[PDB]
């Protein structure tokens, strides 16, 4: 394998962490290949659930608990902290909230969150690498509570970063927020990628094509598919009651991705940095409710 930049995996990984059996588990957690039979049963449908009142309450809850766990992780980002140490803290914080860490064993993903540094686009596997001053790191949290999943991410700065890092992270966050600002009933899912790409391209960045936002509720990934690039052909129209994520990955160089031999870590083919933000959104009559927003602070963590 020829690595595309300076990052390398730092092995061995810690043995898989158990979740006590009093915590409710999603279907894939005990499938040997981590397959979700409830998702597979819906693979080839473009149909989108209209959430009931009960479902919306269940989503509001799990998404606020997910935000609290991302905030725990944010508090730990400093030079010399390993991404495994962040994942251990995340795993305990989900269990403290009587939630299961949705990524764990999802298609046999081996950890409880994703930690993506620098050229990693997404799905990085927490490992023994200490964070370095100058890194950008994304921590991606998903919790499962009472049958519902809540999913969010932010990119963070590890100590002092260069100007390129600052601009890429800021632009990525703005891409996400301008797409959220367009969400309301009657808008096509395919429109968000036009917005995101327009703003990324204005800043000299590119938009990853291989990974998309998605419906989420009782299933971790379901309809709609929500691409982040322009002129995509996604199917569907937003209605009050739809819940889904927007999670753009924007890159300093070209958009092309590849995956590491671990079968998870997605990286820029050119080795240049990539940043991402994600929120879980519910469409309301007035636009949308950001289920995974901060309730106690105006800005994302990188802007402190």
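Just so we're on the same page, rigid core means the largest C-alpha set that superposes within 1.5 Å between forms. Residue numbers count along the first chain shown, from 1.
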Divergent stretch in 5 other deposited structures of this protein, 37 to 45 or 65 to 73 [C-alpha RMS, superposed by the core] | 37 to 45
Looking only at C-alpha temperature factors in the entry, 13 to 21 or 276 to 284, the higher average sits in 13 to 21
Quick one: higher average CA temperature factor, 150 to 158 or 184 to 192?
-> 184 to 192
Largest Cα B-factor, entry values, listed residues 108, 116, 201, 178 | 201
From 232, 172, 82, 112, which pick has the Cα B-factor that tops the rest in the entry?
-> 232
Split the chain's modelled residues into thirds by Cα B-factor; residue 164 lands in the highest
Third of the chain, ranked by Cα B-factor, where residue 43 sits = highest
Just say lowest, middle or highest third for the CA B-factor of residue 36 relative to the other modelled residues in its chain.
-> middle
Relative to the other modelled residues of the same chain, rank the CA B-factor of residue 259 and answer lowest, middle or highest third.
-> middle
Chain-relative CA temperature factor third for residue 218 = middle
